[PDB]
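What follows is a single structure, written as structure tokens, with notes after it.
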Amino acid sequence: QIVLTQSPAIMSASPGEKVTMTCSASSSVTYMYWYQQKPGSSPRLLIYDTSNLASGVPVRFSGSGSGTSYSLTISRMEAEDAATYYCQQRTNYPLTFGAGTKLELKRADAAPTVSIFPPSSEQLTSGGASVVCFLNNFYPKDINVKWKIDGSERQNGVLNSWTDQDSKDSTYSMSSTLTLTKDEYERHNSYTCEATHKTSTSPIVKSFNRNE
Amino acid sequence: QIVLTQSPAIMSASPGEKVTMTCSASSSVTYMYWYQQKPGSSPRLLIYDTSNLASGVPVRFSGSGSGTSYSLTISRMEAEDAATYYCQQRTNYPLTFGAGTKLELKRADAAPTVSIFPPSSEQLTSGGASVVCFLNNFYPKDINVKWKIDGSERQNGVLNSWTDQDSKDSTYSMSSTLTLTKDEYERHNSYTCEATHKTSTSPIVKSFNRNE
Amino acid sequence: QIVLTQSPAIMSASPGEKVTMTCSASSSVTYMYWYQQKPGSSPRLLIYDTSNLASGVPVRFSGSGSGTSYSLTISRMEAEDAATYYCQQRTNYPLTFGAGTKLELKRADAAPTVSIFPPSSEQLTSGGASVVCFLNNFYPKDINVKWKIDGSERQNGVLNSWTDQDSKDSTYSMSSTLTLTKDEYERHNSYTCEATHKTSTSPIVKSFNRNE
Amino acid sequence: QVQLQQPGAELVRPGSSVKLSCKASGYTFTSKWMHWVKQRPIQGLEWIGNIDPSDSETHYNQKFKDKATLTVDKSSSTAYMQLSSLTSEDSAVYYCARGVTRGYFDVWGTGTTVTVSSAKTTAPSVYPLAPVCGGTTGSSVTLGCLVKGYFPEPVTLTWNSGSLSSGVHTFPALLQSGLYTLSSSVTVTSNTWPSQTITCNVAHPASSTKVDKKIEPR
Amino acid sequence: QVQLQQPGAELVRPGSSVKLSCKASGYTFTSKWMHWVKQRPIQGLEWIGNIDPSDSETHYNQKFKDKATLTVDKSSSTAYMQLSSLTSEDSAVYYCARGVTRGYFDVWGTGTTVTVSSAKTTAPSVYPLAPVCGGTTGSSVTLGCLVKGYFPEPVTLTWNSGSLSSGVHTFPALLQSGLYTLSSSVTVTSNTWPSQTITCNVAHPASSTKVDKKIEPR
Amino acid sequence: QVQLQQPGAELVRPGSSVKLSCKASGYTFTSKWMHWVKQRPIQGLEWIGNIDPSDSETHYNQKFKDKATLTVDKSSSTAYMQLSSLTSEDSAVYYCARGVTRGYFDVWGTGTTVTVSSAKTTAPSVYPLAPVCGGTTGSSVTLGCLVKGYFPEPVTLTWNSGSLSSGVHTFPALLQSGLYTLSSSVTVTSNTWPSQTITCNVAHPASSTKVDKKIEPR
């Protein structure tokens with residue numbers, strides 16, 4: 001019945017430095033358990049009974065704490081450690097997990113690359129028109145999209161999907177797609193997708209015209 | 001009679017990381033004392049006799065050292081710790097303080113917002129003319145102002161006042177005001193206040209015209 | 001016969017923070033030795049027999065490790081510590097060194113200043129023409145140069161020389177020089193040297209014309 | 001050694017029931033506790049219950065009664081979990097888990113993704129995405145392949161039958177009223193396109209579809 | 001518990017004298033040492049001296065003789081400090097301080113700000129600051145209220161009688177030949193101004209002034 | 001105390017031999033091991049061998065036989081090293097080194113730079129670098145002095161006979177087919193040039209050259 005809060009929610013650390021992750025319990029807890037989950041894979045046990053390590057766990061992970069405050073410490077951050085980490089408790093059945101500390105790998109500031117695509121003739125045949133705007137290779141994850149039709153902003157019918165952090169260059173990529181009807185698409189001419197990133201206040205602008 | 005130098009003078013640290021502050025004495029000292037002063041409040045005792053903590057002091061502050069070199073260490077930096085910290089000595093009567101280590105809170109680079117204001121008609125009635133240029137929300141504190149009248153720079157009669165770091169967004173704000181007479185104001189037309197910040201080499205320029 | 005790899009190759013650390021440098025051996029080693037070499041000076045012994053310090057070595061350097069993995073740790077980084085550090089082994093005669101961990105001092109991002117110079121009349125007398133482009137005061141060291149003649153890129157005959165990190169402002173400077181013949185120089189008019197730095201994606205462009 | 005195999009995905013309409021299994025090997029099944037955990041997109045891990053086959057002990061999370069009924073087959077070999085109710089709330093990844101006594105887990109199963117939806121299995125579409133009429137800025141051209149309106153997951157998207165893989169960003173699908181929408185981008189130099197052939201290939205096992213769409217210049 | 005109350009501010013001309021006090025409660029006054037500390041803008045904390053009422057022990061900083069004369073009233077209750085000379089150098093914040101023996105301090109007083117100036121008490125002015133003729137760039141409009149030529153400190157500046165407080169930057173006053181100058185900025189959206197009323201309110205207790213100035217569009 | 005002096009630079013053609021020496025003082029020469037180390041630009045430190053004069057023990061690196069022949073003169077005083085082969089591979093900085101037994105070093109010598117080249121000793125040129133025709137952007141003007149085609153190293157470049165040193169960047173020379181090329185930049189304000197005289201001074205000891213070139217405006 002105990003509620004476990006893991007802090008912070010999103011971690012950003014560079015390879016080769018000390019990493020301290022913390023979990024906090026509502027009331028007194030006797031033993032703590034930690035779990036690692038890499039993207040697209042089953043979770044695994046790292047630490048059991050507050051401090052002891054599981055078999056197969058590399059010598060860099062450490063755990064400590066008591067009562068309400070507990071910590072998982074990584075002495076030296078490695079590339080294969082970029083994963084989500086979870087709190088785990090008992091002596092209160094349930095038997096609950098934490099929110100999940102997402103350890104993300106640090107990268108030097110990256111600027112997004114934008115490519116806007118007009119709706120295909122095959123979709124315009126069916127009666128639908130989806131304008132796809134690709135936002136590729138940027139750091140960090142947080143970014144804002146703004147669809148502008150003839151200057152006026154559009155909010156409904158927008159689809160936004162992000163990718164997980166890349167294993168090679170450690171950058172994020174997202175796909176922005178606005179869905180419209182054949183009638184709604186042909187009424188207007190200019191279509192713009194704007195990217196508002198932390199790297200620059202000036203929006204990265206890619207646009208096209210329908211009549212052309 | 002001992003001179004105590006605290007180093008560094010201005011500290012910049014992000015929440016949740018180790019903070020080491022140092023004080024250095026001219027000659028041998030037996031015991032050291034540390035004092036915290038938050039903006040707009042009376043100072044208080046943190047550490048007494050080099051290492052012992054005062055009553056009411058949160059469990060994160062620590063002290064150590066000997067002879068000439070002494071240190072105050074904060075294991076984990078919190079938001080309510082942004083304050084000025086002072087050295088304190090005896091066995092040499094006086095009985096002197098250090099310069100004062102100003103612990104400022106760290107924030108992601110912020111760009112200044114500029115708003116220039118023409119002198120009010122109420123002041124122009126009296127015979128004075130003050131052109132006020134507000135520089136709002138920027139990080140860090142260090143910034144340069146440049147008043148340009150018709151292109152030519154003005155240096156005398158300039159008033160510059162800074163604010164303390166904000167509790168919510170952790171940004172600095174300053175007020176630039178140039179005072180002129182009614183005769184000096186009406187002789188020229190163009191009035192410009194330029195902001196030279198670390199964020200961008202290009203000055204943030206806001207200006208107006210008198211005749212308009 | 002043991003191969004020693006020092007990691008990383010180039011270190012970047014700010015004054016007043018913990019510095020951990022590591023050397024790795026091919027097989028088991030009994031004792032390790034470390035060597036400091038400042039630019040334009042003879043190397044010197046810092047650590048002998050894994051942990052013991054040499055005479056004259058300041059109290060901030062430390063060493064530890066065993067078997068294959070060994071470390072040199074600097075507790076607090078100082079300005080006079082910016083040097084190349086080398087691994088050293090025996091019990092395997094040779095008696096080999098590591099690659100060399102270059103400890104470089106950290107500085108707040110600096111933008112390059114470019115000055116392009118046309119070939120002197122004294123050299124044009126001999127029949128040669130060297131266009132010199134100076135790239136001064138930038139951080140970090142890594143930068144790209146691009147010579148453009150009338151728009152077209154030139155790659156052969158380019159000479160690039162870097163300086164060591166400055167002791168005062170901690171910035172790098174490089175000299176780019178393209179060598180051409182009197183015939184090759186007078187056939188074209190426009191000459192451009194472009195600087196591609198990490199600070200800005202937009203190249204810093206300085207150019208001139210021959211006929212003018 | 002210790003392996004806890006469980007089927008890929010189950011797709012069942014609201015109201016009806018699902019019987020999940022977990023084929024356990026690498027250890028003595030009747031010795032160690034078997035636990036079950038539910039994981040949702042952005043809500044975290046939720047523990048359901050656990051069975052000991054010994055000594056038959058069946059624990060449950062009070063919030064999961066009586067949505068889950070746990071039983072164990074011991075011959076053969078597996079641990080069973082029946083979900084009775086089935087609502088849109090139930091749509092999540094369900095994990096098998098081994099543990100030595102209450103209450104922590106050593107090894108986790110492959111995980112079965114359960115999708116509770118009234119939607120029917122449908123074939124994909126596949127559309128070619130070509131750059132603006134004229135030329136692309138720079139030296140690197142960007143191409144795309146849009147797959148709109150398909151159920152259920154997944155779809156295998158490969159460029160040039162498997163000859164192109166470098167610089168490819170495949171974006172995860174999102175639910176849009178019963179039918180998924182997936183997109184993928186590829187960045188190559190201007191010397192390869194449109195001089196050489198580039199084709200996006202999409203296959204859907206649930207509908208037996210094989211589409212090869214060539215990106216023609218506008 | 002332990003509280004060391006002392007008056008707000010004292011304003012005395014050069015040449016004359018000041019008698020500072022410190023009302024002590026929460027502990028036995030006659031048991032613990034009483035210290036006095038002077039703090040200047042950008043020069044740091046400077047210790048003046050300390051009295052023990054027991055056992056009457058009065059220590060002084062050699063640099064502060066005989067500018068300060070320390071005495072203690074024990075009935076009532078307070079610790080006194082008379083500054084004799086008074087120059088522009090003396091203008092600082094003076095702190096009361098409790099301590100157990102020499103020479104460190106546990107609890108500090110509220111602090112009395114002393115201003116040594118030949119200037120006379122004067123009423124404020126208050127001026128409305130309006131943006132450029134036409135329109136403001138963006139969606140957020142910026143307004144100001146300039147208070148020029150007042151003595152002494154402080155001045156309470158509130159927007160809309162206390163209804164507006166979010167996004168307000170009040171800038172500290174600076175000394176400009178006997179009379180202070182203070183400014184304050186406020187950032188609000190264009191849908192509120194000039195559709196709704198915005199008024200800056202300034203009150204000065206030393207002159208009994210109450211000014212409400214409405215920012216009219218140019 | 002302990003000093004290991006060795007000559008500046010040696011310049012010998014391919015095929016012929018070099019005899020390096022190391023004048024040792026500050027300690028008993030016949031007590032501590034003498035080691036020799038080769039350092040190349042971007043390849044790291046390479047240990048060559050070591051002699052004990054006691055007890056005459058001469059160790060060698062297997063990769064350095066028989067390119068190096070180590071002998072010791074004990075009177076006088078020095079440790080000798082003869083390089084027999086000499087190729088373009090040998091061009092490096094050779095270090096003297098003291099150590100107590102095998103196999104680490106306490107104190108290092110000044111280092112002798114050896115250049116194996118078929119090139120002949122040649123005089124420098126010196127050329128004045130003036131900014132663009134008209135004016136320079138900003139307030140700080142930039143001037144240069146290009147030295148092209150000289151052998152061997154080094155060249156001493158000073159501005160205004162030694163009166164100008166602030167804001168001067170001297171760039172290391174690079175090998176360009178037998179003859180070196182060196183450049184240096186200087187940043188000064190527009191009020192000094194061309195109002196005052198600026199002159200770059202270059203001296204080459206191997207050719208007995210002294211050039212003073214004045215930068216005239218274009």
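Chain lettering (A, B, ...) mirrors the order of the structure tokens, residue numbering begins at 1 for each chain separately, and ligand numbering begins at 1 in order of display.
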
Chain A near chain C within 12 Å: what's each residue's closest atom pair and its distance in Å to one decimal, counting only C-alpha atoms, ordered by chain then ascending residue number, as a Markdown table?
| residue | atom | partner | partner_atom | distance |
| --- | --- | --- | --- | --- |
| A:15 | CA | C:8 | CA | 11.1 |
| A:16 | CA | C:20 | CA | 9.2 |
| A:17 | CA | C:20 | CA | 9.4 |
| A:18 | CA | C:18 | CA | 11.2 |
| A:76 | CA | C:20 | CA | 10.8 |
| A:108 | CA | C:198 | CA | 9.9 |
| A:109 | CA | C:198 | CA | 9.9 |
| A:110 | CA | C:198 | CA | 10.6 |
| A:111 | CA | C:201 | CA | 9.3 |
| A:199 | CA | C:200 | CA | 10.9 |
| A:200 | CA | C:200 | CA | 10.9 |

Given the selection you just returned, output its residues as a file containing N, CA and C atoms, formatted as a CSV table (one decimal), in the first residue's frame.
chain,number,residue,atom,x,y,z
A,15,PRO,N,29.0,9.8,-20.0
A,15,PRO,CA,29.7,8.6,-19.7
A,15,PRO,C,31.0,8.9,-19.0
A,16,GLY,N,31.2,8.2,-17.8
A,16,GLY,CA,32.4,8.3,-17.0
A,16,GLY,C,32.3,9.2,-15.8
A,17,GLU,N,31.1,9.3,-15.3
A,17,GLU,CA,30.8,10.1,-14.1
A,17,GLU,C,29.8,9.4,-13.1
A,18,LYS,N,29.9,9.8,-11.8
A,18,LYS,CA,29.1,9.3,-10.8
A,18,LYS,C,27.6,9.6,-11.0
A,76,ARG,N,30.5,4.7,-12.3
A,76,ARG,CA,31.0,5.1,-13.6
A,76,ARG,C,30.0,4.8,-14.7
A,108,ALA,N,26.3,16.4,-26.7
A,108,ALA,CA,26.5,17.8,-27.1
A,108,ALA,C,25.4,18.3,-28.0
A,109,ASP,N,24.8,19.4,-27.6
A,109,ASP,CA,23.6,20.1,-28.2
A,109,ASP,C,23.5,19.8,-29.7
A,110,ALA,N,22.4,19.3,-30.2
A,110,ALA,CA,22.1,19.0,-31.6
A,110,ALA,C,21.0,19.8,-32.2
A,111,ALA,N,21.1,20.3,-33.4
A,111,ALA,CA,20.1,21.0,-34.1
A,111,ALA,C,19.2,20.1,-35.0
A,199,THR,N,17.8,24.7,-28.7
A,199,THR,CA,19.1,25.1,-29.3
A,199,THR,C,19.0,26.6,-29.9
A,200,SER,N,17.9,26.9,-30.4
A,200,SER,CA,17.7,28.3,-31.0
A,200,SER,C,16.3,28.7,-30.9

Residues within 6 Å of segment 12-26 of chain F, please, as a compact mmCIF listing (two decimals) with N, CA, C and O atoms, in the first residue's frame. Count only C-alpha atoms; anything in the same chain fewer than 3 positions from it doesn't count.
# COMPACT_ATOMS: atom_id res chain seq x y z
N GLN F 1 69.41 20.98 -7.72
CA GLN F 1 70.49 20.01 -7.39
C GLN F 1 70.83 19.13 -8.59
O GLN F 1 71.71 19.47 -9.38
N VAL F 2 70.11 18.02 -8.73
CA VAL F 2 70.34 17.06 -9.81
C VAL F 2 70.00 17.67 -11.17
O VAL F 2 68.85 18.03 -11.44
N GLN F 3 71.02 17.81 -12.01
CA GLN F 3 70.87 18.39 -13.33
C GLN F 3 71.53 17.50 -14.38
O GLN F 3 72.67 17.05 -14.21
N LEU F 4 70.80 17.24 -15.46
CA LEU F 4 71.28 16.40 -16.56
C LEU F 4 71.32 17.22 -17.85
O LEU F 4 70.37 17.22 -18.63
N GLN F 5 72.43 17.91 -18.06
CA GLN F 5 72.56 18.82 -19.20
C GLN F 5 72.97 18.07 -20.46
O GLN F 5 73.87 17.23 -20.44
N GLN F 6 72.29 18.39 -21.56
CA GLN F 6 72.62 17.84 -22.88
C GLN F 6 72.42 18.89 -23.97
O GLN F 6 71.52 19.73 -23.86
N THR F 78 79.89 11.95 -18.45
CA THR F 78 78.69 11.89 -19.28
C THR F 78 78.25 10.47 -19.61
O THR F 78 79.00 9.51 -19.40
N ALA F 79 77.03 10.35 -20.13
CA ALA F 79 76.54 9.10 -20.70
C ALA F 79 76.35 9.29 -22.20
O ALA F 79 75.69 10.24 -22.64
N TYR F 80 76.94 8.38 -22.98
CA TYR F 80 76.91 8.49 -24.44
C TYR F 80 75.88 7.58 -25.11
O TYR F 80 75.53 6.52 -24.58
N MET F 81 75.40 8.01 -26.27
CA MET F 81 74.52 7.21 -27.11
C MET F 81 74.83 7.48 -28.58
O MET F 81 74.66 8.59 -29.07
N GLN F 82 75.31 6.44 -29.27
CA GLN F 82 75.56 6.54 -30.70
C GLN F 82 74.43 5.91 -31.51
O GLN F 82 74.11 4.73 -31.34
N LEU F 83 73.82 6.71 -32.37
CA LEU F 83 72.85 6.21 -33.34
C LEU F 83 73.57 5.92 -34.65
O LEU F 83 74.19 6.81 -35.23
N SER F 84 73.50 4.66 -35.08
CA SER F 84 74.32 4.17 -36.20
C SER F 84 73.67 4.35 -37.57
O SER F 84 74.31 4.86 -38.50
N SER F 85 72.41 3.93 -37.70
CA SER F 85 71.73 3.88 -38.99
C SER F 85 71.34 5.26 -39.53
O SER F 85 71.81 5.66 -40.60
N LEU F 86 70.48 5.96 -38.79
CA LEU F 86 69.90 7.25 -39.19
C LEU F 86 69.01 7.20 -40.44
O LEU F 86 69.50 7.11 -41.57
N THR F 87 67.70 7.26 -40.21
CA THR F 87 66.71 7.38 -41.28
C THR F 87 65.70 8.47 -40.91
O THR F 87 65.79 9.05 -39.82
N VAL F 116 66.96 14.24 -38.89
CA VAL F 116 67.60 13.51 -39.98
C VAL F 116 67.00 13.95 -41.31
O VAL F 116 65.86 13.58 -41.64
N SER F 117 67.76 14.74 -42.06
CA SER F 117 67.30 15.29 -43.33
C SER F 117 68.47 15.52 -44.28
O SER F 117 69.55 15.93 -43.87
N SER F 118 68.23 15.24 -45.57
CA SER F 118 69.23 15.45 -46.61
C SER F 118 69.34 16.92 -47.02
O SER F 118 70.21 17.29 -47.81

Practice task
Just need the residues of chain A within 7 Å of chain D, counting only C-alpha atoms, so spit them out as a ChimeraX atom specification.
Solution key: /A:42-45,90,94-97,99-100,117,120,122,161-163,175

Practice task
Please provide as a VMD selection string all residues within 9 Å of residue 131 of chain B, with the sequence filter that same-chain residues fewer than 2 positions apart are discarded (counting only C-alpha atoms).
Solution key: chain B and resid 116 to 120 129 133 176 to 180 191

Exercise for the section: Once DSSP has gone over the backbone, tell me which residues of segment 77-161 of chain A are in strand (DSSP E), as a PyMOL selection string. Expected result: chain A and resi 84-89+101-105+113-117+128-138+143-149+152-154+158-161
